[PDB]
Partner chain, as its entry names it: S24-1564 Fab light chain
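This document starts with one chain, in the form solved without the partner chain, laid out as structure tokens.
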């Protein structure tokens, strides 16, 4: 059982996460230009509120390299609710099994950083 290599982007507003073409891949100096491609997957947790009924928390969007993670089998551009795709110029459309996912027992998450000039929808924040 594994985890995203990066911390999540929390959705504070009504808009799903979306990036303009060529944007959205997190910075990771340990990966190469061919690897800069993947998807974000929405994870929506539920909690028992103060009243006593269940409710959704803010959705969290986690990045996974193409061909890894909970949707490792999906090809780039696959239509699936809660999955959005991103790729940098120069990336290769091949599975990134060599990067894989993170084992939290032996690796901390990488703080998710987006390069300068990256635009986001309302309610998401870039570090």
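Residue numbers count along the first chain shown, from 1.
- Two stretches are in play, 44 to 52 and 79 to 87, and the higher mean C-alpha B-factor belongs to 44 to 52.
- Per-stretch averaging of Cα B factors for 35 to 43 and 88 to 96 places 88 to 96 on top.
- Note on 107, 116, 113, 23: the highest value goes to 116, judged by CA B factor as recorded.
- Per-chain ranking of the deposited C-alpha B factor places residue 8 in the lowest third.
- For residue 27, the recorded CA B-factor ranks within the middle third of the chain. Only modelled residues enter the ranking.
- Looking at the C-alpha B-factors along this chain, the one for residue 57 belongs to the highest third.
Separately, the form solved in complex with the partner chain exists; it is not shown, and the next lines address it.
- Residues are counted as partner-facing when one of their heavy atoms sits within 4.5 Å of the partner chain in the entry with it bound; in 62 to 87 these are 66, 67, 72, 73, 75, in sequence order.
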